[PDB]
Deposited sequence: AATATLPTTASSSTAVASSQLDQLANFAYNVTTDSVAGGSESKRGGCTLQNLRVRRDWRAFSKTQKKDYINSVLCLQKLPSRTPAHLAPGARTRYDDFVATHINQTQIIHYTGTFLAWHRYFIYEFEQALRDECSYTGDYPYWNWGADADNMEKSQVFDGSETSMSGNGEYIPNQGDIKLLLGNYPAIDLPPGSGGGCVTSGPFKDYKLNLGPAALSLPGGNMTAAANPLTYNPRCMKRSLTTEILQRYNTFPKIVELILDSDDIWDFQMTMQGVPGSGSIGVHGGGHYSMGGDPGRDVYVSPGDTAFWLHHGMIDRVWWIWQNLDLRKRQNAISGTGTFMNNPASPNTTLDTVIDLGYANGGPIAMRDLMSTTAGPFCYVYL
């Protein structure tokens, strides 16, 4: 018998999440037969990767950051690498892939196709990782994703003292205040210390309230990845209670995707905004360029997982459920998203595909599950 209310105890909620996740795993694996149980892939918590497993994933990402970019130079002058190709299409489409009916599915297809690049162009044969925020909400610096060792996605940014607070503005609502974290400078430890962020900033929120924005964020702007790990943000938005809340208290797709992303004006940024802004720095604090932070892919692995859990809890009603339009917060107004709506990743990978073919992890081009 599944839980129905999220516990306020962290240990309790974590066990509730396991139960629901196991429920969804059972639902997926039982119904599967192109995708079969025999060729079904499994995505796992970063913490369950062995040291060699972690290093194989990291090395494949590094490979992508070394290979020439496919995007025609005249459409994205700043692109240099295959990794940049994914950042550039995200930047290019930010205003029709967040707070839209396509947000969840687009990102599902996005990370799938990023995974395909690792496998087909960088000889990656491991499992797709996800970052379970709940386990790190008490100390982000100790997260295996961000501890700075050679099995992490590099570490914190170097310490910059006396940083003012972050002030997140959307529309005309009052700013959401956030502390600035423990870093702020370049990330100079771990396997990405030599990584060059090449695109943006498009809309970079800064300590103190300012926002930096390039004239054209697709032009060349080589610089260091910065971070300022902010545990306090995870403590507010990404604890195991908040994760289970999101799954159990959302009765339709609208409430789920909006609770996940944060209801504008509500004071909360959800698990999705909480994971992003907990990284801090650059592009961590830039909704357009966020894939430029290597932890993006683990973050959205967990996003896709929580959606997949929520879907499988009431499959018949939820698998193909869509709500919202084709424009950011429906500004300007645009038609409702439908199963016939087509999305694409530009020159990053793959091709145009209908929403219809993205709603199940065991259908269309998808054949995977979460453990």
Absent from the model, numbered along the deposited sequence, are 1-4, 38-45
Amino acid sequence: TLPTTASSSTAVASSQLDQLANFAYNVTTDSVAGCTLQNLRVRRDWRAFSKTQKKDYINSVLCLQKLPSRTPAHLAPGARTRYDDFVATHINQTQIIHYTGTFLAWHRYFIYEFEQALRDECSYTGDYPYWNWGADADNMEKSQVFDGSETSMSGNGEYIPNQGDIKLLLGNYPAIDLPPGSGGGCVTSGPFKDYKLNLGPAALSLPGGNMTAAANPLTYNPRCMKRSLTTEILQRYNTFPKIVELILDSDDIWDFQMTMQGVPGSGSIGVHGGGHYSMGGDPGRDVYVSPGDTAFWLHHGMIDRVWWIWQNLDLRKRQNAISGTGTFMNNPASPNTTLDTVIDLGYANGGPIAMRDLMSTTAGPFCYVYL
From here on, numbers count along this sequence of modelled residues.
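Think of the rigid core as the biggest set of C-alphas that the two forms share within 1.5 Å after superposition.
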Core-fitted, the stretch whose Cα atoms sit farther from this form in 5 other deposited structures of this protein, 206-214 versus 181-189, is 181-189
Of 322-330 vs 41-49, the stretch with the larger average CA B-factor in the entry is 41-49
Mean Cα B-factor check, 333-341 vs 58-66, entry values; winner is 58-66
Of the residues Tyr124, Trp254, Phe110, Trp297, the one whose Cα carries the largest B-factor in the deposited record is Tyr124
From the entry's CA B-factor values, the highest among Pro222, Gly284, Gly301, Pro174 is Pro174
By the entry's values, the third containing the CA B factor of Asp84 is the middle
Temperature factor at the Cα of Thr151, chain-ranked in thirds, falls in the highest
Tertile call for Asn92 (CA temperature factor, within chain, third-based) is the lowest
Binned into thirds over the chain's modelled residues, the C-alpha B-factor of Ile160 lands in the middle
Chain-relative C-alpha B factor for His74 (record values, thirds): the highest
